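Here the Cβ positions follow ideal geometry from the backbone for every residue, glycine too, while neighbour counts run over all protein chains shown. Just so you know, all these numbers are worked out from the coordinates, no wet-lab data involved.
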Amino acid sequence: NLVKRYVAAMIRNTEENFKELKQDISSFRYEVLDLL
Amino acid sequence: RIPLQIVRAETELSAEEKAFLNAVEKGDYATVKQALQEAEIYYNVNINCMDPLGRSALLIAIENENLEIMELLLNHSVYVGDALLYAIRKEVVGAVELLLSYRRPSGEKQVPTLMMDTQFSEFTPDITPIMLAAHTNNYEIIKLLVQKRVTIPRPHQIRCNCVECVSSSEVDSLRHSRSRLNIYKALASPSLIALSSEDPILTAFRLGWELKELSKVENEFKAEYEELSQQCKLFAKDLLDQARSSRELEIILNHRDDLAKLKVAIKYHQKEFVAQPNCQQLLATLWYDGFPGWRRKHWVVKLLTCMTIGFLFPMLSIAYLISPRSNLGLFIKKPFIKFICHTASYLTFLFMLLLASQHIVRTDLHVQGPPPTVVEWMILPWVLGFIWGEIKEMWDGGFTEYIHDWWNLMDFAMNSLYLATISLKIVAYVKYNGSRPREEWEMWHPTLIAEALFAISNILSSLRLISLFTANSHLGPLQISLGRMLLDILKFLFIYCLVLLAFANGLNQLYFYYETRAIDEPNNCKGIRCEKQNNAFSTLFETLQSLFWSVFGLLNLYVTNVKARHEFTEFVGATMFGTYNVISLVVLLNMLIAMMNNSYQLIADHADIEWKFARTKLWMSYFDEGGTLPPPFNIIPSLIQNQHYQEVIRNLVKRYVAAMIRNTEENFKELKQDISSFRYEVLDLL
Amino acid sequence: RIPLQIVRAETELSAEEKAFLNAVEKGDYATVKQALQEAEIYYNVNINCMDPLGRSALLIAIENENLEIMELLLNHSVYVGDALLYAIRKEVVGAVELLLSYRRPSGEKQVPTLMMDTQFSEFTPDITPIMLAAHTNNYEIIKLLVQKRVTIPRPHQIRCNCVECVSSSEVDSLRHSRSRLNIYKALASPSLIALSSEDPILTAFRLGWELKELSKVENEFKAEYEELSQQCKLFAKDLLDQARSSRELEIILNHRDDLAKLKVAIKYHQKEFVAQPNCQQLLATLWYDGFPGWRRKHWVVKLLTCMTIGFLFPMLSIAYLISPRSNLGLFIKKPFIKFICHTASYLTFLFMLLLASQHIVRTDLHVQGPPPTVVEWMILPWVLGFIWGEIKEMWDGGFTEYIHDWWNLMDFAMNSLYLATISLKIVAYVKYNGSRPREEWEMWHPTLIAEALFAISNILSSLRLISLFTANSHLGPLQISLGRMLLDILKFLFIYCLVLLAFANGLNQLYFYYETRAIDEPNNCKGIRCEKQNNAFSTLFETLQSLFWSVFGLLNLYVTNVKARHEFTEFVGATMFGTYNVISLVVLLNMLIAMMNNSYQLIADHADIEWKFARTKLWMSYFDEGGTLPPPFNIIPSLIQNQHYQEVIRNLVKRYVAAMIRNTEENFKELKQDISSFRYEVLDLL
Ligand SMILES: CC(C)CCC[C@@H](C)[C@H]1CC[C@H]2[C@@H]3CC=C4C[C@@H](OC(=O)CCC(=O)O)CC[C@]4(C)[C@H]3CC[C@]12C
Ligand SMILES: CC(C)CCC[C@@H](C)[C@H]1CC[C@H]2[C@@H]3CC=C4C[C@@H](OC(=O)CCC(=O)O)CC[C@]4(C)[C@H]3CC[C@]12C
Ligand SMILES: [Ca+2]
Ligand SMILES: [Ca+2]
Ligand SMILES: [Zn+2]
Ligand SMILES: [Zn+2]
């Protein structure tokens, strides 16, 4: 029980991240243009 | 090598359940809807299935803030246990609204039966949703919970000795401590105080005092109780800071259950509330009641006015006695004139004590019981006025408040010394008639004891002037740091007294066989106070005095030498004295320097606030009419207020809520979730 | 009231130009394309129009990273001046590629003529694109610029006295300083050093040394030159840290133009490069050459081996003399045995100097010129060996390197003292024959002067042991902090010497009339070194000695009293002495304590690195074969390396580039721009 609670606590508690959002927006933009 | 295995069994999720949880994580509404519609007909997927990290489908919907997937999972009657706690901790208003509003409609046939999902809960089982919402400090969720008729349990007294508190502490102390800390954390939130208290300032003051007392009592949980008290004090100061007019500030300060709320804040030690700039401006305006534009003036005219009003001490007090309703008698009732007159009276008393120690007045010292000189006859009314003022301060305000000042101990000591010297003088006058010369007087002569007590009282009277340093703008924080470093000096002096007692015991036990009489030694003296330093380690008192005086270097090195040629005993005593000198001059004093240095750095940031608090405490001591006369002259023989306070607190609470609303990897996950959900819906529609 | 007006005329943008700039800002491609297509036919909008903030349409396209709008604005032949600088500062690889590649094709009829756009440039006119790319530290843009045959101007020497440097400094010093700082900032980038230098470590070392010397010279721009030197040193340490094998580390350290590169790093004061952990491990392995697993052992066996090898000092040096190729003679060539033998020899010399001051050897003190005792006859070979070792150290390494150690000054002083005492002893032996008693000797007797110089040399020899503190792991940073605080003590002692000279001048000028002869005073002595303290302010030297001794409290208070009853002069002198005591004991010493306290806090963070640098400098002093014998016994009569270094530096540069690539409101504006451009294109298509 202590290990489960500690794992929940540690899960609960940068330029790579924004690149994901640019990548997700760019991939959605190309697929929308390709389908349309 | 080392084999590695999963020690604790986590059941693996099936392919359909893993695909369903992945679809819920990616926010694909159509696939999740298809899986939910296929779940009832075929029973393939347990909708309440968990993940490796302990989240269910509903918790994954709550964490990503997908309201559509949240309501869709709610429409198929998934397990909903403790999801409101996760929504409240996530501070999502829409999720809390959905979980509050959907639990009531369309409940049919109990709930569908489910087993073995309920072991893992991130939130503690003692927690309730209103308490966790109070801990989160979110306003909208607290408001929505308070609208639905929700209550919180009342904590007991800290010194509670009833059967149920003692039984809960004995059976499970950890659960009781966690429940009390959670309840006080819920009660200390600014939003709950603003929403569920008709007097937020007084409630914040009482909660801060109770949290400080609990931190003083509970040793294990001191830090979070101190944090809660600081949060309550900052909430009170922030609510006071939101005022917009002088009338609102005077309505807030003068509200009663003149400045009653300021006195209540001072009684609860709310330094941030007292040291706010607008309250300081109002106290400065009240302090300079009869002197408008005091801050404007060049310092020469201010000092000239101070000199001319301090030199006019013997008038303006008899004028108050003879005509209190006259124009001249009304100027003494202002606080600045009262403080200047009291300072002038104390300076006159100090100057008279300086003048009493001169050869112009003192004559014929060879009288056993001397009559009091005219300087003493005039000084006696000041001592009587000080006695009457101290006893009046003991009566008014109560005996429980007279002892908390900590300056009254010196006043009690000074009054005791004056009473002792007066009694010794009167007894020496009454029954020591004669003119015997002073060289053959008894060592226990009451005249000498009376003069020694008079000198000690004169030292205490001259050292009483440190308390006036709060009035200046430069000597206040200096004495605040001095007060903290005095406590650190006491903490040092305990260990120093222990080391001094140990070394004095050793030195006396070694050296008390070689004691010599005063007749054998030169000049008929015995001690460390001779021209030639005599036996310094012959007695315990003499050893203590000699070890005390060695710190300042006033004790020579030949005190460890004996008459006989006992070289080993002399070397052992010299080693003892050297070890004591090395300790008390290389370790202890430098450690005291290091301790008071560290303390000053901590003290400086807070030095102003406490200086302003001390100056406010000194200023309101002169506001009342009790004690208008100086020490030389004090012995000479309504619901509209509550409605306005409620209006001002209402506007202040609205402004503070607007200010606090105006003033991480979870966030970007929302943007990935919003982009992913929009991408799936665009692909599905197209 | 106060009127407010636009003091400096910014021309207002028209409606069409403002709409066009707003459309370019929002990323709407179709509206911008329509406006550009309508611009030529109707001439309505100046495409090179500016904004209120100084950006054009092309700069707005570059800042939002809209490559489509960027190429569309390029296709209509807009002004392109200095846009490559904005692209390089924005670190956009695609924008730099587009601006490099589009400037060449389709240039027809010069450029279209445009006026009055060219005044406002954020980048300075001296700047060039390769230099700004070097300042930005981006790798891809630097690579693309270097591929197109681009060069950078060479900075001159710091001590340059040519006509053009002096003329540029006299005509415009600010432009010259900015150009030199920009050039050195371009040359100090890690990417340019990795791309355009065949030896990045040596280039970084030379650039760091040049930047440190420029920071020492240029007073105005010290901080950025120190930052550039720190950046070069950190680049060198980071490139050294990327190694993966011991062979690569030994190839890097042993590369020449044995450990040549380590010596070059020590010569350039690269403390971070020397104090790297792998180089420290290699130096520890070389240091414990014959003792494998030295760190493994319990401390008793290590101390026993140290005692048995230090007590075996007189053997293992004659063994090296008689059989250097034997098994026993080869053990002295290891560095640890060399250091232990030298420490044992110096400890033996110190113990012999202690033994020379005993009554067992010294006999018949009433001889004028005494022959040297047998202890002195044996001590003389150690002094000769020290002289030969110091002169050998002067010859080998050069006179320009012998003076930078700062420990050689004490060795020079010790050798001078030994030569002076030997010359005084030999002259006293040769021409002072007799047995006159010591009580009637001349004050300038060479025997007494020789003994005083011998005592001072003995003090210097005993205080020479501080330099061995680098060998231990606990006494190294302590003496590093001691070395910094000694410089701070010198900075204090300058002001103390000035104050002491002033007060000594005043005291001597006041008190030198009351000088008395030695015959009149008791015991025939004159000075502060009597039982009764004589005239202490009679001469300048005596006044200086008395004011020096008053700091430690060894000067009594009755030295300011004169024979006659001149109360005013005595009071003035007492006030003078009291003011000097208050200064030198209340202000100066406490200020020195505060200064050395602050210094220690700064010193502690860097204390290890410099301790490791000092220990590395001490360790490699014993690596060479010059000075194998102790002081008592030293007077007894290839392109594959470059190819491997290039391979290792190649792999290190690739690993460092990968590491640096692996390790704000502009960013969110990209996401708003990408979402806005996608929204307009979806609306346009639909
Ligand atoms: C320096 C030597 C000669 C000893 C002096 C002893 C006393 C004559 C001093 C010690 C503390 C002094 C007091 C420190 C601070 C103030 C407050 C000062 O007024 C303010 O700071 C204005 C603001 C306010 O208090 O309302 C007026 C003088 C007074 C009473 C001073 C009067 C003179 C005092 C009693
Ligand atoms: C404490 C009193 C009695 C004075 C002692 C004076 C000397 C006998 C001391 C002063 C400094 C000492 C030295 C300080 C440090 C070292 C390094 C130490 O070796 C290490 O620290 C191991 C690592 C290495 O140096 O390679 C061996 C002893 C030695 C030479 C010490 C030998 C004894 C020394 C010369
Ligand atoms: Ca009182
Ligand atoms: Ca040397
Ligand atoms: Zn109870
Ligand atoms: Zn030049």
- So who's got an amide H within less than 5 Å of the one on B:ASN535, skipping anything under 5 residues away but keeping other chains? H placed 1.01 Å off N, in plane. B:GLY527
- Query: So which GluC sites (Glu not before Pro) in region C:37-125 pass both tests, a DSSP loop state and at most 13 other Cβ atoms within 10 Å of the Cβ?
  - Reply: C:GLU108, C:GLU122
- Query: Considering only the other residues whose Cβ falls under 14 Å of the Cβ of C:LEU557, what net charge follows from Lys and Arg at +1 and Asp and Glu at -1?
  - Reply: 0
- Query: What Rg and what Dmax come out for the protein assembly as shown when only alpha-carbon atoms are used, in angstroms?
  - Reply: 44.9, 131
- Quick one: order B:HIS404, C:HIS366 by neighbouring beta-carbon count within 10 Å, fewest to most. B:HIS404, C:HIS366
- On average, how many beta carbons from a partner chain sit within 10 Å of the beta carbon of a residue in A:16-25? 5
- region C:578-650, Cα convex hull volume normalised per residue, Å³: 237 Å³
- Given unit charges at Cβ for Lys, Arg (+) and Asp, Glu (-), the dipole magnitude of the protein assembly as shown about its Cα centre in debye, nearest 20, is 3380 debye
- Task: Only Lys, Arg, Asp and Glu count, each charged at its Cβ (+1, +1, -1, -1), so figure out the dipole size of chain B about its Cα centre, rounded to 20 debye.
- Result: 2620 debye
- Item | Per-bin percent of Cα-Cα distances, region C:304-435 [5 Å] | 2, 8, 12, 17, 17, 15, 13, 8, 5, 3, 1, 0
- Counting all C-alpha pairs of region C:623-686, share separated by more than 15 Å (%): 78 percent
- Item | Signed unit charges on C-beta, dipole axis of chain B, positive-most listed residue B:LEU547, B:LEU602, B:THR664 | B:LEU547
- Item | Positive dipole terminus of chain C, leading residue within C:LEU557, C:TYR102, C:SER56 (C-beta point charges) | C:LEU557
- region C:398-499: which GluC sites (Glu not before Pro) are DSSP loop and have at most 13 other beta-carbon atoms within 10 angstrom? C:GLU442
- Item | Peptide A:2-13, shielding by other chains (average Cβ, 10 Å cutoff) | 3
- Mind listing the phi-derived Karplus ³J(HN,Hα) values for region C:217-222, rounded to whole Hz, using 6.51, -1.76 and 1.60 with θ = phi - 60°, and x for any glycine or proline? 7, 6, 6, 6, 10, 5
- Message: Ignoring solvent entirely, what values of log10 I(q)/I(0) come out of the Debye formula for chain C at 0.11 Å⁻¹ when each Cα is a single scatterer?
- Response: -1.27
- Message: Helix-only mean residue ellipticity at 222 nm, chain B, DSSP H runs n ≥ 4 weighted -39,500 (n - 2.57), per residue, nearest 500. What is it?
- Response: -20000 deg cm²/dmol
- Query: For region B:436-498, what size does the Cα cloud have along each of its three principal axes, sorted from largest down, in whole Å?
  - Reply: 54, 37, 13
- Task: Pop out the Kirkwood hydrodynamic radius of region B:551-686 from its pairwise C-alpha distances, inverse of mean 1/r, in Å to one decimal.
- Result: 26.1 Å
- Query: What is the sum of charges around B:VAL361, taking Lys and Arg as +1, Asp and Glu as -1, for the other residues whose C-beta is under 15 Å from the C-beta of B:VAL361?
  - Reply: -2
- Note on the structure: Residues other than B:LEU602 with Cβ under 13 Å of its Cβ, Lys/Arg counted +1 and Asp/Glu -1, net out at -2
- Query: Given the Cα atoms of region C:431-577, and with Rh set as the inverse mean 1/r over their pairs in the Kirkwood sense, what is Rg to Rh to two decimals?
  - Reply: 1.11
- So what's region B:148-196 giving for Cα Rg divided by 2.2 N^0.38 Å, two decimals? 1.33
- Query: For region C:245-308, what is the charge dipole size about the Cα centre, in debye to the nearest 20, if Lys and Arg each add +1 at the Cβ and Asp and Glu each add -1 at the Cβ?
  - Reply: 220 debye
- Largest first and in whole Å, give the semi-axes of region B:95-172's equivalent ellipsoid, each being the square root of 5 times a Cα gyration tensor eigenvalue. 30, 21, 13
- Determine the distance separating the Cα centre of region C:8-46 from the Cα centre of region C:244-320; give it in Å without decimals. 72 Å
- Message: As a footprinting exposure proxy, order B:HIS176, B:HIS255, C:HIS156 by other Cβ within 10 Å, with the fewest listed first.
- Response: C:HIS156, B:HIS176, B:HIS255
- Given labels modelled 7 Å from the Cα in the Cβ direction, how far is it in nm from A:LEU2 to B:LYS26? 4.0 nm
